[PDB]
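One file, work-v6.cif, carrying mmCIF, C-alpha atoms; chains and numbers go by the auth columns:
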```cif
data_entry
#
loop_
_atom_site.group_PDB
_atom_site.id
_atom_site.type_symbol
_atom_site.label_atom_id
_atom_site.label_comp_id
_atom_site.label_asym_id
_atom_site.label_seq_id
_atom_site.Cartn_x
_atom_site.Cartn_y
_atom_site.Cartn_z
_atom_site.B_iso_or_equiv
_atom_site.auth_seq_id
_atom_site.auth_asym_id
ATOM 1 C CA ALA A 1 13.811 6.613 13.028 0.00 21 H
ATOM 2 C CA UNK A 2 14.170 5.072 16.496 0.00 22 H
ATOM 3 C CA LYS A 3 19.424 4.645 19.226 0.00 23 H
ATOM 4 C CA UNK A 4 20.148 0.934 19.742 0.00 24 H
ATOM 5 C CA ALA B 1 14.033 -0.651 -5.059 0.00 15 U
ATOM 6 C CA UNK B 2 16.703 0.229 -5.055 0.00 16 U
ATOM 7 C CA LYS B 3 21.369 -0.764 -3.098 0.00 17 U
ATOM 8 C CA UNK B 4 23.109 0.043 0.204 0.00 18 U
ATOM 9 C CA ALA C 1 0.585 6.354 11.031 0.00 27 O
ATOM 10 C CA UNK C 2 -3.215 6.648 11.350 0.00 28 O
ATOM 11 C CA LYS C 3 -6.231 5.305 8.282 0.00 29 O
ATOM 12 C CA UNK C 4 -8.848 7.123 6.183 0.00 30 O
ATOM 13 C CA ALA D 1 -10.537 1.447 16.692 0.00 33 J
ATOM 14 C CA UNK D 2 -10.158 0.561 12.996 0.00 34 J
ATOM 15 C CA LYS D 3 -13.392 -4.016 10.758 0.00 35 J
ATOM 16 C CA UNK D 4 -13.244 -4.842 7.995 0.00 36 J
ATOM 17 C CA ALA E 1 15.475 -12.001 -5.402 0.00 9 Y
ATOM 18 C CA UNK E 2 12.492 -11.752 -7.774 0.00 10 Y
ATOM 19 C CA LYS E 3 12.121 -13.604 -11.791 0.00 11 Y
ATOM 20 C CA UNK E 4 10.412 -16.166 -14.048 0.00 12 Y
ATOM 21 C CA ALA F 1 6.683 -21.183 1.637 0.00 3 F
ATOM 22 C CA UNK F 2 7.151 -24.418 3.613 0.00 4 F
ATOM 23 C CA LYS F 3 4.703 -29.949 5.090 0.00 5 F
ATOM 24 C CA UNK F 4 4.698 -31.154 2.560 0.00 6 F
ATOM 25 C CA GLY G 1 4.109 -23.616 -4.498 0.00 1 M
ATOM 26 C CA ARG G 2 2.496 -20.772 -2.580 0.00 2 M
ATOM 27 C CA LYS G 3 3.963 -17.430 -3.621 0.00 3 M
ATOM 28 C CA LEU G 4 3.144 -14.979 -0.854 0.00 4 M
ATOM 29 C CA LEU G 5 4.115 -11.399 -0.113 0.00 5 M
ATOM 30 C CA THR G 6 7.453 -10.551 1.473 0.00 6 M
ATOM 31 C CA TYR G 7 7.823 -7.395 3.562 0.00 7 M
ATOM 32 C CA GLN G 8 11.198 -5.941 4.510 0.00 8 M
ATOM 33 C CA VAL G 9 11.395 -4.635 8.090 0.00 9 M
ATOM 34 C CA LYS G 10 13.926 -2.374 9.812 0.00 10 M
ATOM 35 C CA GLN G 11 15.214 -1.803 13.338 0.00 11 M
ATOM 36 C CA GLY G 12 12.870 0.370 15.343 0.00 12 M
ATOM 37 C CA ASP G 13 9.459 -0.663 14.080 0.00 13 M
ATOM 38 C CA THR G 14 7.497 -2.281 16.908 0.00 14 M
ATOM 39 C CA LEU G 15 6.041 -5.684 15.994 0.00 15 M
ATOM 40 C CA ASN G 16 2.697 -4.701 17.521 0.00 16 M
ATOM 41 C CA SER G 17 2.617 -1.551 15.394 0.00 17 M
ATOM 42 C CA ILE G 18 3.417 -3.567 12.267 0.00 18 M
ATOM 43 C CA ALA G 19 0.611 -6.051 12.924 0.00 19 M
ATOM 44 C CA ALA G 20 -1.798 -3.224 13.709 0.00 20 M
ATOM 45 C CA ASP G 21 -0.884 -1.115 10.657 0.00 21 M
ATOM 46 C CA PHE G 22 -1.165 -4.208 8.440 0.00 22 M
ATOM 47 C CA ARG G 23 -4.519 -5.145 10.045 0.00 23 M
ATOM 48 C CA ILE G 24 -3.296 -8.708 10.487 0.00 24 M
ATOM 49 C CA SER G 25 -3.142 -11.168 13.368 0.00 25 M
ATOM 50 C CA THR G 26 -0.083 -10.851 15.597 0.00 26 M
ATOM 51 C CA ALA G 27 -0.088 -14.635 16.034 0.00 27 M
ATOM 52 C CA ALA G 28 -0.100 -15.080 12.255 0.00 28 M
ATOM 53 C CA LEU G 29 3.075 -13.012 12.002 0.00 29 M
ATOM 54 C CA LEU G 30 4.832 -15.286 14.494 0.00 30 M
ATOM 55 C CA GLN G 31 3.355 -18.251 12.669 0.00 31 M
ATOM 56 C CA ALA G 32 4.914 -17.381 9.320 0.00 32 M
ATOM 57 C CA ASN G 33 8.017 -15.880 10.918 0.00 33 M
ATOM 58 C CA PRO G 34 8.872 -17.592 14.249 0.00 34 M
ATOM 59 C CA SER G 35 11.970 -15.409 14.594 0.00 35 M
ATOM 60 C CA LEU G 36 9.829 -12.329 15.275 0.00 36 M
ATOM 61 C CA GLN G 37 9.018 -13.562 18.791 0.00 37 M
ATOM 62 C CA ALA G 38 12.732 -13.530 19.553 0.00 38 M
ATOM 63 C CA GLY G 39 13.848 -10.307 17.913 0.00 39 M
ATOM 64 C CA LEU G 40 13.264 -7.899 15.049 0.00 40 M
ATOM 65 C CA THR G 41 15.721 -8.755 12.281 0.00 41 M
ATOM 66 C CA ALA G 42 16.387 -5.563 10.326 0.00 42 M
ATOM 67 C CA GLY G 43 16.644 -6.158 6.592 0.00 43 M
ATOM 68 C CA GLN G 44 14.838 -9.491 6.708 0.00 44 M
ATOM 69 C CA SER G 45 12.029 -10.331 4.317 0.00 45 M
ATOM 70 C CA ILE G 46 9.072 -11.491 6.381 0.00 46 M
ATOM 71 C CA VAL G 47 6.141 -13.476 5.028 0.00 47 M
ATOM 72 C CA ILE G 48 2.677 -11.928 5.271 0.00 48 M
ATOM 73 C CA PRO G 49 -0.067 -14.593 5.602 0.00 49 M
ATOM 74 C CA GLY G 50 -2.971 -13.652 3.367 0.00 50 M
ATOM 75 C CA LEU G 51 -1.048 -11.401 0.991 0.00 51 M
ATOM 76 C CA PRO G 52 -0.086 -12.539 -2.544 0.00 52 M
ATOM 77 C CA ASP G 53 3.276 -12.057 -4.255 0.00 53 M
ATOM 78 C CA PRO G 54 3.767 -8.427 -5.466 0.00 54 M
ATOM 79 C CA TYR G 55 5.820 -9.440 -8.525 0.00 55 M
ATOM 80 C CA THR G 56 3.266 -11.896 -9.854 0.00 56 M
ATOM 81 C CA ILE G 57 0.881 -8.955 -10.092 0.00 57 M
ATOM 82 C CA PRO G 58 0.989 -7.670 -13.716 0.00 58 M
ATOM 83 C CA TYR G 59 -0.035 -4.227 -12.490 0.00 59 M
ATOM 84 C CA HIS G 60 2.391 -1.502 -11.467 0.00 60 M
ATOM 85 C CA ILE G 61 1.210 1.656 -9.749 0.00 61 M
ATOM 86 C CA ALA G 62 3.596 4.566 -10.231 0.00 62 M
ATOM 87 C CA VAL G 63 2.678 7.436 -7.930 0.00 63 M
ATOM 88 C CA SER G 64 4.046 10.888 -8.679 0.00 64 M
ATOM 89 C CA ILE G 65 3.969 13.268 -5.699 0.00 65 M
ATOM 90 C CA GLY G 66 5.196 16.361 -7.536 0.00 66 M
ATOM 91 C CA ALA G 67 2.703 15.623 -10.293 0.00 67 M
ATOM 92 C CA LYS G 68 -0.161 14.524 -8.012 0.00 68 M
ATOM 93 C CA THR G 69 -0.940 11.633 -10.346 0.00 69 M
ATOM 94 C CA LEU G 70 -1.202 7.850 -10.266 0.00 70 M
ATOM 95 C CA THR G 71 0.257 6.018 -13.247 0.00 71 M
ATOM 96 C CA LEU G 72 -1.357 2.614 -13.706 0.00 72 M
ATOM 97 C CA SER G 73 0.868 0.368 -15.784 0.00 73 M
ATOM 98 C CA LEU G 74 -0.390 -2.974 -17.073 0.00 74 M
ATOM 99 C CA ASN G 75 2.338 -5.557 -17.810 0.00 75 M
ATOM 100 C CA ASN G 76 4.945 -2.783 -17.451 0.00 76 M
ATOM 101 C CA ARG G 77 3.053 -0.636 -19.963 0.00 77 M
ATOM 102 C CA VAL G 78 1.292 2.602 -18.977 0.00 78 M
ATOM 103 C CA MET G 79 -2.440 2.063 -19.435 0.00 79 M
ATOM 104 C CA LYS G 80 -4.055 4.918 -17.531 0.00 80 M
ATOM 105 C CA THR G 81 -3.059 7.960 -15.485 0.00 81 M
ATOM 106 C CA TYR G 82 -5.418 9.510 -12.929 0.00 82 M
ATOM 107 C CA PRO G 83 -5.035 12.665 -10.764 0.00 83 M
ATOM 108 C CA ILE G 84 -4.640 12.024 -7.035 0.00 84 M
ATOM 109 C CA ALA G 85 -4.291 13.916 -3.766 0.00 85 M
ATOM 110 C CA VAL G 86 -1.307 13.554 -1.434 0.00 86 M
ATOM 111 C CA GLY G 87 -0.394 14.884 1.991 0.00 87 M
ATOM 112 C CA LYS G 88 2.828 16.151 3.583 0.00 88 M
ATOM 113 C CA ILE G 89 3.359 12.609 4.860 0.00 89 M
ATOM 114 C CA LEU G 90 3.553 11.408 1.246 0.00 90 M
ATOM 115 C CA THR G 91 6.432 13.761 0.436 0.00 91 M
ATOM 116 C CA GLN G 92 8.542 11.998 3.066 0.00 92 M
ATOM 117 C CA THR G 93 9.026 8.773 1.109 0.00 93 M
ATOM 118 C CA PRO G 94 11.405 9.244 -1.871 0.00 94 M
ATOM 119 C CA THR G 95 10.780 5.744 -3.263 0.00 95 M
ATOM 120 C CA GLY G 96 7.669 4.740 -1.321 0.00 96 M
ATOM 121 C CA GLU G 97 7.670 1.033 -2.146 0.00 97 M
ATOM 122 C CA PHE G 98 4.447 -0.184 -0.519 0.00 98 M
ATOM 123 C CA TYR G 99 2.068 -3.068 -1.163 0.00 99 M
ATOM 124 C CA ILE G 100 -1.710 -3.294 -0.789 0.00 100 M
ATOM 125 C CA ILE G 101 -2.529 -5.359 2.299 0.00 101 M
ATOM 126 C CA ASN G 102 -6.318 -5.444 1.935 0.00 102 M
ATOM 127 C CA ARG G 103 -9.255 -3.607 0.368 0.00 103 M
ATOM 128 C CA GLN G 104 -12.388 -2.523 2.229 0.00 104 M
ATOM 129 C CA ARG G 105 -15.623 -2.650 0.275 0.00 105 M
ATOM 130 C CA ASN G 106 -18.372 -0.132 1.106 0.00 106 M
ATOM 131 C CA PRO G 107 -17.723 1.227 4.631 0.00 107 M
ATOM 132 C CA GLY G 108 -21.007 3.147 4.533 0.00 108 M
ATOM 133 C CA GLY G 109 -19.320 6.405 5.486 0.00 109 M
ATOM 134 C CA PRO G 110 -17.734 9.203 3.377 0.00 110 M
ATOM 135 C CA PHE G 111 -14.593 7.151 2.786 0.00 111 M
ATOM 136 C CA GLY G 112 -15.129 7.181 -0.957 0.00 112 M
ATOM 137 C CA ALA G 113 -16.938 3.876 -1.541 0.00 113 M
ATOM 138 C CA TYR G 114 -13.702 1.858 -1.349 0.00 114 M
ATOM 139 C CA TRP G 115 -10.655 1.876 0.909 0.00 115 M
ATOM 140 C CA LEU G 116 -7.326 0.460 -0.203 0.00 116 M
ATOM 141 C CA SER G 117 -5.151 -0.332 2.789 0.00 117 M
ATOM 142 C CA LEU G 118 -1.457 0.029 1.971 0.00 118 M
ATOM 143 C CA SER G 119 1.582 -0.963 4.030 0.00 119 M
ATOM 144 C CA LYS G 120 1.065 2.295 5.943 0.00 120 M
ATOM 145 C CA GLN G 121 -2.103 3.884 7.376 0.00 121 M
ATOM 146 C CA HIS G 122 -1.019 7.329 6.123 0.00 122 M
ATOM 147 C CA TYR G 123 -0.030 6.017 2.714 0.00 123 M
ATOM 148 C CA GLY G 124 -3.320 4.309 1.962 0.00 124 M
ATOM 149 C CA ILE G 125 -5.522 5.133 -1.005 0.00 125 M
ATOM 150 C CA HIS G 126 -9.270 5.831 -0.989 0.00 126 M
ATOM 151 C CA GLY G 127 -11.989 7.997 -2.500 0.00 127 M
ATOM 152 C CA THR G 128 -13.776 10.938 -0.903 0.00 128 M
ATOM 153 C CA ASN G 129 -17.026 12.896 -0.662 0.00 129 M
ATOM 154 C CA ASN G 130 -15.374 16.035 -2.034 0.00 130 M
ATOM 155 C CA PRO G 131 -13.601 15.451 -5.397 0.00 131 M
ATOM 156 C CA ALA G 132 -12.436 19.082 -5.345 0.00 132 M
ATOM 157 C CA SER G 133 -9.840 18.055 -2.784 0.00 133 M
ATOM 158 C CA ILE G 134 -8.362 15.631 -5.330 0.00 134 M
ATOM 159 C CA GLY G 135 -5.475 16.683 -7.541 0.00 135 M
ATOM 160 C CA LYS G 136 -3.940 18.969 -4.942 0.00 136 M
ATOM 161 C CA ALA G 137 -1.773 18.568 -1.855 0.00 137 M
ATOM 162 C CA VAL G 138 -3.403 18.180 1.545 0.00 138 M
ATOM 163 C CA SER G 139 -2.061 18.858 5.055 0.00 139 M
ATOM 164 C CA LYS G 140 -1.979 15.407 6.689 0.00 140 M
ATOM 165 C CA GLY G 141 -4.363 13.334 4.634 0.00 141 M
ATOM 166 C CA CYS G 142 -3.789 9.987 2.955 0.00 142 M
ATOM 167 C CA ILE G 143 -3.772 9.293 -0.790 0.00 143 M
ATOM 168 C CA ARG G 144 -7.152 10.361 -2.101 0.00 144 M
ATOM 169 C CA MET G 145 -8.680 9.704 -5.514 0.00 145 M
ATOM 170 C CA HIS G 146 -12.031 10.128 -7.255 0.00 146 M
ATOM 171 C CA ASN G 147 -14.945 7.791 -6.496 0.00 147 M
ATOM 172 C CA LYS G 148 -14.812 6.278 -9.981 0.00 148 M
ATOM 173 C CA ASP G 149 -11.006 6.118 -9.970 0.00 149 M
ATOM 174 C CA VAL G 150 -10.774 4.034 -6.817 0.00 150 M
ATOM 175 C CA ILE G 151 -13.555 1.796 -8.154 0.00 151 M
ATOM 176 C CA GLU G 152 -11.673 1.271 -11.416 0.00 152 M
ATOM 177 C CA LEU G 153 -8.393 0.612 -9.620 0.00 153 M
ATOM 178 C CA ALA G 154 -10.032 -1.858 -7.218 0.00 154 M
ATOM 179 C CA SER G 155 -11.361 -3.736 -10.243 0.00 155 M
ATOM 180 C CA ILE G 156 -8.134 -3.794 -12.225 0.00 156 M
ATOM 181 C CA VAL G 157 -5.603 -4.270 -9.422 0.00 157 M
ATOM 182 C CA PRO G 158 -5.856 -7.074 -6.839 0.00 158 M
ATOM 183 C CA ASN G 159 -4.104 -7.449 -3.495 0.00 159 M
ATOM 184 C CA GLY G 160 -0.355 -7.180 -3.038 0.00 160 M
ATOM 185 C CA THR G 161 -0.124 -4.637 -5.842 0.00 161 M
ATOM 186 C CA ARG G 162 3.135 -2.671 -5.688 0.00 162 M
ATOM 187 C CA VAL G 163 2.481 1.031 -5.261 0.00 163 M
ATOM 188 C CA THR G 164 5.618 3.073 -5.880 0.00 164 M
ATOM 189 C CA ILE G 165 5.201 6.475 -4.249 0.00 165 M
ATOM 190 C CA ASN G 166 7.853 8.523 -6.025 0.00 166 M
ATOM 191 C CA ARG G 167 8.171 12.202 -5.173 0.00 167 M
ATOM 192 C CA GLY G 168 9.532 12.915 -8.630 0.00 168 M
ATOM 193 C CA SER G 169 12.044 15.392 -7.245 0.00 169 M
#
```
In structure tokens, write the structure found in this file.
Amino acid sequence: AXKX
Amino acid sequence: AXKX
Amino acid sequence: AXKX
Amino acid sequence: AXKX
Amino acid sequence: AXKX
Amino acid sequence: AXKX
Amino acid sequence: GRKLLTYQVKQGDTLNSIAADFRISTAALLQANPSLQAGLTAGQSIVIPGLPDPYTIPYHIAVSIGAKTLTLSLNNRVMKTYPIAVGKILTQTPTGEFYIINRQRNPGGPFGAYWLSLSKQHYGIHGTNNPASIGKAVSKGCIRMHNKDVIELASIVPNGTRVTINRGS
């Protein structure tokens, strides 16, 4: 659940 | 389980 | 997450 | 703080 | 994979 | 796994 | 041959958090999987030192969120079904494929005699001092069972047991  |  |  |  |  |  | 457990990681989970949640040594993780020190490979099956293979285990735990029950299947055959308690955190996982990492025996406190550590601190199973809280949904509590239920489970199922937390809907 967490952008990259 | 599960396939993408 | 946490445990008990 | 969480032994076992 | 996983079978025998 | 895997010496062997 | 040493059949050990294999955990599938994603992209976003901190290695430190994984080691902490699993209650294992960070060095051991890099020992079994030397690629972890370089980068987190999403979709890769990592080896967990100390955990047995989850398929070799002839015990399948089918958790039903909407039914607040734990279906214990021996050799793929339903043997017993016990009522359990689940929290809002349990309704998040649709499949909830987790494995038991370790089992704590007699903590001395009101943990419910035994504590079954799953692949997630909020998805772990244990007893309680108030059995009236079992069978219903809780705010943000982990999987809770009866004192005798957790004792029975801890005797029948070993480590690495595959707990499938299905919502049912």
Practice prompt. Do a neighbour search on region 153-163 of chain M at 8 Å with only C-alpha atoms, toss out local chain neighbours closer than 4 positions, and write the hits as a VMD selection string.
Written response: chain M and resid 5 51 to 55 57 59 to 63 96 to 103 114 116 149
Worksheet entry | Explicit residues for the PyMOL selection byres ((chain U and resi 16-18) around 12) (as JSON, numbers by chain) | {"U": [15], "M": [43, 94, 95, 96, 97, 164]}
File dump, residues just selected, C-alpha atoms, as a PDB file, in the coordinates of the input:
```
ATOM      1  CA  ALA U  15      14.033  -0.651  -5.059  1.00  0.00           C
TER       2      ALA U  15
ATOM      3  CA  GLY M  43      16.644  -6.158   6.592  1.00  0.00           C
ATOM      4  CA  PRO M  94      11.405   9.244  -1.871  1.00  0.00           C
ATOM      5  CA  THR M  95      10.780   5.744  -3.263  1.00  0.00           C
ATOM      6  CA  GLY M  96       7.669   4.740  -1.321  1.00  0.00           C
ATOM      7  CA  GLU M  97       7.670   1.033  -2.146  1.00  0.00           C
ATOM      8  CA  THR M 164       5.618   3.073  -5.880  1.00  0.00           C
TER       9      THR M 164
END
```
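The gap separating CA of residue 140 (chain M) from CA of residue 81 (chain M) is 23.4 Å, in Å to one decimal.
CA of residue 84 (chain M) sits 14.2 Å away from CA of residue 115 (chain M).
Put simply, CA of residue 165 (chain M) is 7.0 Å away from CA of residue 93 (chain M).
The shell of residues at most 12 Å from residue 113 (chain M), with only C-alpha atoms counted and near chain neighbours (fewer than 3 positions) removed, consists of residues 30 of chain O; 103, 104, 105, 106, 107, 108, 109, 110, 116, 125, 126, 127, 128, 129, 144, 145, 146, 147, 148, 149, 150, 151, 152 and 154 of chain M.
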Item to complete: Please write as a ChimeraX atom specification the full residue list that the PyMOL selection byres ((chain M and resi 26) around 12) yields on this file.
Response: /M:14-25,27-34,36-37,48-49
Worksheet item: Near residue 169 (chain M), within 10 Å and counting all atoms listed in the file, which residues show up once chain neighbours fewer than 3 positions away are dropped, as a PyMOL selection string?
Response: chain M and resi 64-67+91+94+166
Give me the box for chain J as AutoDock Vina command-line options, namely the centre and edge lengths in Å to one decimal of a box along x, y and z that holds every listed atom plus 6 Å on each side.
```
--center_x -11.8 --center_y -1.7 --center_z 12.3 --size_x 15.2 --size_y 18.3 --size_z 20.7
```
Discussion item. Here is a test: counting all atoms listed in the file, which residue of M:111, M:85, M:12, M:68 is nearest to chain H?
Written reply: M:12
